[PDB]
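Engineer: Handing you this structure, nothing more for now.
Protein chains: 2
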Amino acid sequence: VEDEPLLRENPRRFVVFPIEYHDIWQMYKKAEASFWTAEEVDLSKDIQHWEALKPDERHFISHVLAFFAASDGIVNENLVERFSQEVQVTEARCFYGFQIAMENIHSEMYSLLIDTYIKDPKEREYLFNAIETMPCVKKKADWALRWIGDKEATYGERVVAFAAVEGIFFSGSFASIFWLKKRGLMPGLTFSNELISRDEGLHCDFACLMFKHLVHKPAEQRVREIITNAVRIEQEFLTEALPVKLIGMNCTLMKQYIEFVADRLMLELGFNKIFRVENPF
Amino acid sequence: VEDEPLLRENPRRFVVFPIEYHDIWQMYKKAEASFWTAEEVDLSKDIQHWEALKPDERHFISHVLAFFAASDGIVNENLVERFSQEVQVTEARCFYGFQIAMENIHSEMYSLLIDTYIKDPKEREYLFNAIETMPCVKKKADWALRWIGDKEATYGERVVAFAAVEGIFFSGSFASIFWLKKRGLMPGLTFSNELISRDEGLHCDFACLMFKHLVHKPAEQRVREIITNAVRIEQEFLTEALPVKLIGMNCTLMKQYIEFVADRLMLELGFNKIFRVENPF
């Protein structure tokens, strides 16, 4: 850890200039420029849309939201307890500081959506505590949570795992909502999904950049395993627990998209693709 | 700690709705609405102003900046390692998430100022590492740093200490810069000082609000000690180490202002004033 420029003790840590890593700095600036608030998303004309939806379509979206309701919180919780603490590089901590801020806005946004669509308190509580009620989302959350408590796994392994959490675990639901946008539905859901994804792409790229700034990191095979594990969990989620069929989507093309996203991560990480499949959308 | 609504285990921690504490929520929303970036501060017309300044006046400001250069970083470092981790209440973590984000912007801003005024690298490094070169600022920083490492002091005591760090330790330099604004000088310095102070007032109020949400907290006498200690350190800083006289200020009226700010904190905390002196400005 003492040979790690990213994790080793840094006395200049508390001051921003002079910049040491312009690559990390530009990452933070892109995030800064992407700032937005939940208030900026107009959900006035969305309750009616939720009404028009079909019983199956609402079942889907409600469940996608159930998982998103706590997902960003889990991420932030890892950033606070681990990443932002571990990393001693000023510029990196700035990026993580803004990511934390944005994850909470994301978290707020999903709560608003659920609040806007579900008026029944029974269901509301049900979806709000999905990590304790919906085994569908319980699995994904537990996967993420484990990496936070894992006091053995290295930052290298853990940063890769969260790159999967923010990329692969978001991918499936992201595409589904993009699908609705295509079909011209739920303008609130699709608009925030666009903003959130822009942040998500940044959080993922950064994770890969931190990876590159790591000297002693996991071997390729270990990275392929972590990524592949996330891929399978996500596929199981959107083809079994909550089939994209419910909203008119091919479960097979969805499975392929996830792998495509997985491949994008591997490249960003500096490795070869695993699946070698084109984006089916 | 298990009887502390703020620090006890919370399973709903990862989700924002339903809001549990609207008072904490409104604090976070005020902060959100106050968002700004360093880029927004035009420093184009400030190098000339720095030129016009008198040798004594620059000596002052340069030293005030020396302390501000790492002060926000130290705060953020406590927020990450302690406060944001300790507190389990969702709304509080949102406020702390945004505070972290804003402290880094503050940190960036001070670095820009120094970068803008001091072209000589020798001096630059000197001021950038003031916590290791300037005993004037070394004392204040060490005071703050101690509360971070103190594994005995309670959150109650520690939150009070940082309320002093963000209030009393900022007060003296704040007033001095406000003084320059009055004299119509350093438009960049004074403009950012206004934005920063707006955030600072929020960080302080919040600290006091968290204090109120604490059940078992330090006794009044202990709060008076912590606050009084900070007051003296700040006075010593601006009447001995770096006399406000250098910019045409009465060292006695400055000492009184600090106590006035100290008294404001005590009230916000729910206690009686200590000094009972009016604002001399």
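Quick mapping for you: the protein sequence lines, in order, are chains W and X. One rule links them: number in the UniProt record's numbering = place in the first sequence (from 1) + 67. One rule links them: number in the UniProt record's numbering = place in the second sequence (from 1) + 67. Heads up, the beta-carbon is just placed ideally off N, CA and C, and yes, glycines get one too.
#1: Kindly indicate which residue of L212(X), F273(X), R213(X) and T104(X) has the alpha-carbon position closest to the one of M94(X).
#2: Which value, in whole angstroms, describes the spacing of the CA atoms of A231(W) and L332(W)?
#3: CB-CB under 7 Å to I198(W), same chain, minus the five flanking residues each way: which ones, in chain order?
#4: Quick one, which of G255(W), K189(W) and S101(W) has its alpha-carbon nearest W117(W)'s?
#5: Apply the 10 Å Cβ neighbour rule to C275(W) and answer buried if 16 or more other Cβ atoms are within range, or exposed otherwise.
#6: Look at the Cβ atom of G239(W), then the Cβ atom of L180(W), and state whether they are nearer than 8 Å.
#7: Considering only residues of the same chain and omitting the five flanking positions on each side of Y193(X), which have a CB-CB separation below 6 Å?
#8: Kindly list, in the order they appear in chain W, the residues whose Cβ is closer than 8 Å to that of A168(X).
#9: In angstroms, rounded to a whole number, what distance separates the CA positions of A297(X) and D139(W)?
#10: Please confirm whether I141(W) has its beta-carbon closer than 8 Å to some beta-carbon of chain X.
#11: How would you label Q166(X), buried or exposed, when you count the other beta carbons within 10 angstroms and need 16 or more for buried?
#12: Does chain X have any CB closer than 8 Å to the CB of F102(W)?
#13: Report yes if the C-beta distance between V83(X) and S264(W) is below 8 Å; otherwise report no.
#14: Can you give the beta carbon distance from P72(X) to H283(X), rounded, assuming they're within the 8 Å contact cut?
#15: Taking only three categories from DSSP, how would you classify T104(X)?
#16: What runs of the alpha helix (DSSP H), each 4 residues or longer, lie entirely inside the segment 98-170 of chain X?
#17: Return no unless some Cβ of chain W is closer than 8 Å to the Cβ of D330(X).
#18: Does the count of Cβ pairs from the segment 90-104 of chain W and the segment 286-301 of chain W closer than 8 Å reach three?
#19: Any contact between the segment 97-116 of chain X and the segment 213-231 of chain X? By contact I mean 3 or more CB pairs, one from each, below 8 Å.
#20: Count the other CB atoms within 10 Å of the CB of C161(X); is the residue buried (16 or more) or exposed (fewer)?
#21: Which value, in whole angstroms, describes the spacing of the CA atoms of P202(W) and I294(W)?
#22: So the alpha helix (DSSP H) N296(X) belongs to, where does it begin and stop?
#23: Please classify residue 359(W) as buried or exposed, where buried requires at least 16 other C-beta atoms within 10 Å of its C-beta.
#24: Could you give the DSSP three-state label for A220(X): helix, strand or coil?
#25: Suppose the cutoff is 8 Å on Cβ atoms and the five residues either side in sequence are ignored; what does the same chain contact list for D182(W) look like?
#26: I'd like the list of long-range same chain contacts for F241(W), defined as Cβ closer than 6 Å, with 5 residues on each side in sequence excluded.
#27: Can you tell me the Cα-Cα spacing of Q288(X) and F236(W), whole angstroms?
#28: Mind checking the segment 75-88 of chain W against chain X and listing, in chain order, the residues whose C-beta falls within less than 8 Å of any C-beta there?
#29: Is it the case that the segment 306-316 of chain W contacts the segment 122-137 of chain W, given that we only count it when at least three CB pairs across the two stretches are under 8 Å?
#30: Can a CB atom of chain X be found closer than 8 Å to the CB of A228(W)?
#31: Would you mind reading off the limits of the alpha helix (DSSP H) that contains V328(W)?
#32: Quick check: what's the CA-CA separation for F245(W) versus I185(W)?
#33: Start and end of the alpha helix (DSSP H) containing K279(W)?
#34: Where does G251(W) fall in DSSP's three states?
#35: Leaving out the 5 sequence neighbours to the left and right, which residues in its chain are closer than 6 Å to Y222(X) when beta-carbon positions are compared?
#36: In the structure shown, what three-state DSSP assignment does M201(X) receive?
Structural biologist: So, from the listed chains and residues:
#1: Restricting attention to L212(X), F273(X), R213(X) and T104(X), the CA atom closest to the CA of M94(X) is found in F273(X).
#2: Here the alpha carbon of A231(W) sits roughly 8 Å from the alpha carbon of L332(W).
#3: Counting only Cβ-Cβ distances below 7 Å, and skipping sequence neighbours, we find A137, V204, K205 and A208.
#4: Among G255(W), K189(W) and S101(W), the Cα nearest to that of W117(W) is on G255(W).
#5: Buried, because 16 or more other Cβ atoms sit within 10 Å of the Cβ of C275(W).
#6: Between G239(W) and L180(W), the gap from beta carbon to beta carbon reaches 8 Å or more.
#7: In the same chain as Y193(X), and ignoring 5 residues on each side of it, the C-beta atoms closer than 6 Å to its own belong to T200, in chain order.
#8: Residues of chain W with a Cβ closer than 8 Å to the Cβ of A168(X) are, in chain order, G164, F165, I167 and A168.
#9: Rounded to whole angstroms, the separation of the alpha carbons of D139(W) and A297(X) is 38 Å.
#10: For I141(W), the nearest CB of chain X lies under 8 Å from its own CB, placing it at the interface with that chain.
#11: Label assigned to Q166(X): buried.
#12: The beta carbon of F102(W) falls within 8 Å of a beta carbon belonging to chain X, placing the residue at that interface.
#13: No, Cβ-Cβ distance for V83(X) and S264(W) is not below 8 Å.
#14: The C-beta distance from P72(X) to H283(X) rounds to 12 Å, too long to meet the 8 Å contact threshold.
#15: DSSP places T104(X) in coil when its eight states are reduced to three.
#16: As summarised for the segment 98-170 of chain X, the continuous alpha helix (DSSP H) elements at least 4 residues long and confined to that stretch are 114-119 and 122-145, given in chain order.
#17: Closer than 8 Å to the CB of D330(X) there is not a single CB belonging to chain W.
#18: No, the segment 90-104 of chain W is not in contact with the segment 286-301 of chain W.
#19: Judged by Cβ distances under 8 Å, the segment 97-116 of chain X makes no contact with the segment 213-231 of chain X, as fewer than three pairs qualify.
#20: Label assigned to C161(X): buried.
#21: Linking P202(W) to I294(W) through their CA atoms gives a straight-line distance of about 21 Å.
#22: Its alpha helix (DSSP H) spans residues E287 to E303.
#23: Since the first residue shown for chain W is 68 and the last is 348, residue 359(W) is missing from the structure and cannot be characterised.
#24: Residue state for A220(X) is assigned as coil, using DSSP reduced to three classes.
#25: If we look at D182(W) and ignore the five residues flanking it on each side, its Cβ neighbours are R191.
#26: Once the five neighbours on either side are set aside, the close Cβ partners of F241(W) are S264.
#27: The straight-line gap separating the alpha-carbon atoms of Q288(X) and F236(W) is approximately 52 Å.
#28: Against chain X - using a Cβ distance shorter than 8 Å - the residues of the segment 75-88 of chain W are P78, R79, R80, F81, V82, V83, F84 and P85.
#29: Taking 8 Å as the limit for Cβ pairs, the verdict is that the segment 306-316 of chain W does touch the segment 122-137 of chain W.
#30: Output row for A228(W): interface = no.
#31: From DSSP, the alpha helix (DSSP H) with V328(W) extends over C318 to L336.
#32: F245(W) and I185(W): Cα-Cα distance of roughly 21 Å.
#33: Following the DSSP letters along the chain, one finds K279(W) inside the alpha helix (DSSP H) bounded by residues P254 to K279.
#34: In the structure shown, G251(W) sits in coil (DSSP, three-state: anything other than H, G, I, E or B).
#35: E153, listed in sequence order.
#36: When DSSP states are grouped into helix, strand and coil, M201(X) belongs to the coil group.
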